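[1] Please find the sequence and an experimentally derived structure below.
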Amino acid sequence: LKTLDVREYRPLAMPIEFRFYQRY
Amino acid sequence: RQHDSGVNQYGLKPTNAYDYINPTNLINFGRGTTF
Amino acid sequence: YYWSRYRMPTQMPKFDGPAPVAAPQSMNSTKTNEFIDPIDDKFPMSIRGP
Amino acid sequence: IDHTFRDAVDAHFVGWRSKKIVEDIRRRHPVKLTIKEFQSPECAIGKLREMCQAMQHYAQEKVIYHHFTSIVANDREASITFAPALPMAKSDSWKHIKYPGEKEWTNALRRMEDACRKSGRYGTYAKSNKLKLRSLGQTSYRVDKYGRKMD
Amino acid sequence: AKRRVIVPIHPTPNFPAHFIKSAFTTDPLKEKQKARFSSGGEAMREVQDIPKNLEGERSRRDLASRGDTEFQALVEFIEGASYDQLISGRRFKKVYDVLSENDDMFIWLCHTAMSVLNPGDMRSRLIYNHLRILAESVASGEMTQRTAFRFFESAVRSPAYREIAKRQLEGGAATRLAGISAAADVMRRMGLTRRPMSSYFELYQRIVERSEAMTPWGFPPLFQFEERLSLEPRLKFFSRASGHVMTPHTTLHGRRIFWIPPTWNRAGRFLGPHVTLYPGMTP
Amino acid sequence: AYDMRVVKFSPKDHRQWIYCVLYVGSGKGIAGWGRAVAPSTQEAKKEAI
Amino acid sequence: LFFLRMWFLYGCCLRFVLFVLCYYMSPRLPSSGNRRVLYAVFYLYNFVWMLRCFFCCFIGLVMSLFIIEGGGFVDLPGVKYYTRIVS
RNA sequence: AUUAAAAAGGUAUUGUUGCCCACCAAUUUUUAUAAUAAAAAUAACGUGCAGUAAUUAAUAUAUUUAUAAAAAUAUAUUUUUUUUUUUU
Ligand SMILES: [Mg+2]
Ligand SMILES: [Mg+2]
Ligand SMILES: [Mg+2]
Ligand SMILES: [Mg+2]
Ligand SMILES: [Mg+2]
Ligand SMILES: [Mg+2]
Ligand SMILES: [Mg+2]
Ligand SMILES: [Mg+2]
Ligand SMILES: [Mg+2]
Ligand SMILES: [Mg+2]
Ligand SMILES: [Mg+2]
Ligand SMILES: [Mg+2]
Ligand SMILES: [Mg+2]
Ligand SMILES: [Mg+2]
């Protein structure tokens, strides 16, 4: 695709399922 | 002591790692807000 | 000099520390008076008097 | 139906827009081309002439019949108006693709020069001297960020 | 872009260093922000709440001659009725805070009396000593109320406890008298209050007010005690606390105690609080 | 570690708060660690402690 | 570690090359200027390859062959090889 | 004497005068060369205004359509904003 971020977007939220996918 | 355990001197007391990185959340929500 | 009068005779108190108790401090939309005492105006008039 | 467009315009635009407008004439629609944004009256009819001389070239091949109607050369707008042939009895009785030619052009030109010289305003906008950052890619010499040579 | 160039000012006989950095800023995107607040000796000693340390002779002398602080606060509030002073909401606040210094301790005890079905016989020296110790640990901050409560219910009572409870209780709710006489007894024998009655009165009162509430003796587990999110001070459970068009521009215009009174630069038409513009006639 | 987080108190108001991470220890068998987000550097230090 | 930028080293740490061209190229914003690029040639198994590399070196009296060295990244996208000395 | 307080989204990050989308020129580089090869870097010019519940909500498949984003219809769907009859 365009290979680079056009938008600089940093969401700060860290939902537990996104991180430990072994347990949820 | 004189007030709540989950609120310190500067605002809500930041337990998870989300609050150390994003500490707006400590003191802000909505228009209605007081200390 | 003529300005020799206007030196500080004593050492001024430093500002060492935090806002005083119940100071105005301002969140999202907050109408703030530095002037009005926070605690003593909020006190009901029937008690303190006009 | 009206297509208004600017004065500074590419060959590309002229091409596909030309074909658009002709295809609209084909459908019996009212058509008018207009420039309401221009640096000079001169360049303005430069574009009007361009688009029309593309429309001729295209529409005489697909053989759709229309006559040129009105040239309004004005201070705030420079515009030309076309109308289609009503029926195939109107295409067979009068068969023509009819456009302006140098007389009407240069005359409404002079009329726009004077109409604009009277009100004292020779365009709605003019090009700006600003030079935006530009890369040329590969070059044989040193070049500053705006694309100009190093003396 | 014609960026404003501010020349830095160096300390002066009348313009000391800290004054400069506090009252003057060379970055003019920071002009016109707002007012900042600071504290010196007494307001700082209040705010910062640094508990003193015991020390050599002067501190112990000052512990000795200390006397009753609860009465002192009250005197100082009352004294605002003297002709030469006003009646202060701050003096009242200090009064309040000394009356309620223990407060939540009482609150805890309420829960041990009313929030527990069948807490054994509360007269027996055993369960009594459990209660005593936990109370003294809620006071003096050694434990959280939650931890002390969960301790109290999980404290060791007697073998086959439920099956002995089937020999007294139907649905397992004991009678609450032993509990209250116990919980008043502890606060009396512990030195918790300066004046003896206060223990018993507060503990009793706080129960009687809650008696009228819908589902009075149950509590949500999260709001019952200290936790990250809490209830607003009016709704806390056994707590002690249970023109108009022109007004935003008026503000100052009532009878207003001030902090810093306004000045002529910062307020255009205001005349001072005392002023009476539409005076009535009085003998 | 010391660090800087922006703290937005309103759509205009922006404060600079800093962030401290430290650990207290005594080789005698007792340690502990803390972190805090405060207004000043000294503040986050004392806080985290 | 990015192993595909080394394609023309063919498993070797340094390379020899003959000079051909030098043109100039403008790096990825927000870094502006003119980065000097040298267009080089070398041969392997009687195939003649044109290698395109960053010119960081020092050029003295006119000379032909350089020594190409490996990586790191640079402002200029697609530049992968660098210059060591000139012979 | 007629009304008003309490439920809400942001691809931006002092934040809508915010950002982005495709075509439309040059060039740079690899190759599996389909109107006019494909893909990747890219900072002109010109058209718009596709997207951020965003001026007929969006997303996916399907078929069609075409200056350019895309648009029409057929299905599923919320990474779209909610409005609520336990026999009347
Ligand atoms: Mg990113
Ligand atoms: Mg977000
Ligand atoms: Mg809200
Ligand atoms: Mg390799
Ligand atoms: Mg780099
Ligand atoms: Mg090629
Ligand atoms: Mg291509
Ligand atoms: Mg759409
Ligand atoms: Mg749109
Ligand atoms: Mg839409
Ligand atoms: Mg779609
Ligand atoms: Mg489709
Ligand atoms: Mg289209
Ligand atoms: Mg589609």
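    Looks like it arrived, so ask away. Numbering: from 1, shown residues only, chains lettered A, B, ... in the order given. Ligands and ions are numbered 1, 2, ... in the order given.
[2] shouldn't residue G:16 be in contact with residue G:67?
    Yes. The pair residue G:16 / residue G:67 is scored as a contact, 6.4 Å apart, by CB atoms under 8 Å. C-beta here means a position set from N, CA and C on the backbone, and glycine is covered the same way.
[3] who in chain B is up against chain C?
    B:9, B:27-28, B:30-31, B:33-35 (CB under 8 Å from any CB of the partner chain).
[4] make it 10 Å
    Contact residues (CB under 10 Å from any CB of the partner chain) of chain B with chain C: B:9-11, B:27-35.
[5] The closest residue to residue C:7 other than its chain neighbours: neighbour count?
    Spatially, and ignoring its direct neighbours in sequence, residue C:7 is nearest to residue E:13 (3.7 Å; CB to CB, 6 or more residues apart in numbering or on different chains). Using other CB atoms under 10 Å in any protein chain shown, the number of residues around residue E:13 comes to 12.
[6] wait, residue E:13 sits on residue C:8?
    Yes. Taking CB atoms under 10 Å as the definition, residue E:13 is a contact partner of residue C:8 at 6.2 Å.
[7] about what we covered before: list buried members of the residues of chain B next to chain C by neighbour count.
    Taking 16 or more other CB atoms under 10 Å in any protein chain shown as the criterion, what is buried in the residues of chain B next to chain C is B:10-11, B:27-28.
[8] Need these in TSV (columns: secondary structure).
    Output for those, formatted as TSV (DSSP: H, G, I helix; E, B strand; the rest coil):
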residue	secondary structure
B:10	coil
B:11	strand
B:27	helix
B:28	coil
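[9] Pull the number of nearby residues for whichever residue of chain D sits closest to chain B.
    Distances between chain D and chain B by CB to the nearest CB are smallest at residue D:133, namely 34.4 Å. Applying other CB under 10 Å, we find 12 residues neighbouring residue D:133.
[10] so is it in a helix, a strand, or just coil?
    Using three-state DSSP, the structure places residue D:133 in coil.
[11] Tell me how far it lies from residue E:10.
    Per CB to CB, to the nearest Å, residue D:133 is found 42 Å from residue E:10.
[12] For stretch F:35-45, buried residues please.
    So, applying 16+ other CB under 10 Å, buried residues of stretch F:35-45: F:35-39, F:43-44.
[13] Filter those down to the ones in strands?
    Taking DSSP state E, the ones among the buried residues of stretch F:35-45 that sit in strands are F:35-38.
[14] RNA strand H: which of the residues you listed is nearest?
    Ranked by distance to RNA strand H (CB to the nearest atom of the strand), these are led by residue F:37 at 16.7 Å.
[15] How much space separates the residue of chain C found nearest chain G from chain B?
    Distance from chain G to each residue of chain C (CB to the nearest CB) is smallest for residue C:28, at 34.0 Å. As judged by CB to the nearest CB, to the nearest Å, residue C:28 and chain B stand 5 Å apart.
[16] Tell me which residues of the lengthiest strand in chain F come out buried.
    Across chain F, the strand with the greatest residue count (assigned by DSSP E) is strand F:14-26. For strand F:14-26, the neighbour count (16+ other CB under 10 Å) marks F:17-20, F:22 as buried.
[17] Could you find which two of those residues are furthest from each other?
    Using CB to CB, the buried residues of strand F:14-26 span at most 16.5 Å, a distance reached by F:17 and F:22.
[18] Return the residues in contact with residue 15.
    I'll assume chain A. Counting by CB atoms under 10 Å, 6 or more residues apart in numbering or on different chains, residue A:15 touches A:24, B:18.
[19] I was after chain F.
    Here residue F:15 is in contact with B:23-24, B:27, F:5-9, F:39 (criterion: CB under 10 Å, 6+ apart).
[20] Quick one, which of the residues you listed are buried?
    By neighbour count, with 16+ other CB under 10 Å, the contacts of residue F:15 hold B:23-24, B:27, F:7, F:9, F:39 as buried.
[21] Most widely separated two among the residues you listed?
    Once CB to CB is applied, the buried ones among the contacts of residue F:15 give B:24 and F:39 as the farthest pair, at 13.7 Å.
[22] Give me the common contacts of the two.
    Taking CB under 10 Å, 6+ apart as the criterion, residue B:24 and residue F:39 both touch F:7, F:15, F:17.
[23] quick revisit: closest one of the residues of chain B next to chain C to chain G?
    Sorting these by distance to chain G puts residue B:28 at the head of the list, at 31.7 Å, by CB to the nearest CB.
[24] ok, now which ones touch that closest one?
    Residues near residue B:28 by CB under 10 Å, 6+ apart: B:11-12, C:27-28, F:7-10, F:13.
[25] and the residue of the stretch 101-250 of chain E found nearest chain C, how far is that from residue E:275?
    Distances between the stretch 101-250 of chain E and chain C by CB to the nearest CB are smallest at residue E:248, namely 6.8 Å. Using CB to CB, residue E:248 is found at 20 Å from residue E:275.
[26] again, but for residue A:5
    Here residue A:5 is placed at a distance of 63 Å from residue E:275 (CB to CB).
[27] and these two? which has more neighbours close in?
    For residue A:5 versus residue E:275, the count of surrounding residues by other CB under 10 Å is larger for residue E:275: 10 against 7.
[28] Please, where are all the strands along chain B?
    Using DSSP E, the strands assigned to chain B run over residues B:7-8, B:11-12.
[29] most packed of the ones you listed?
    strand B:11-12 (a mean of 20; mean count of other CB atoms under 10 Å in any protein chain shown).
[30] Enumerate every residue touching the residue of chain G positioned farthest from its centre.
    Computed with CA atoms, centre = their mean, the residue of chain G farthest from its C-alpha average is residue G:30, at 22.7 Å. Residues near residue G:30 by CB under 10 Å, 6+ apart: D:133, G:75.
[31] What of residue E:76?
    The contact partners of residue E:76, by CB under 10 Å, 6+ apart, come to E:85, E:88, E:90-92, E:94-95.
[32] related to what we said a few turns ago, any idea which of the buried residues of strand F:14-26 is the one closest to residue E:18?
    residue F:18 (20.8 Å).
[33] Name the residues linked to that closest one by a beta bridge.
    residue F:4, residue F:38 (DSSP bridges).
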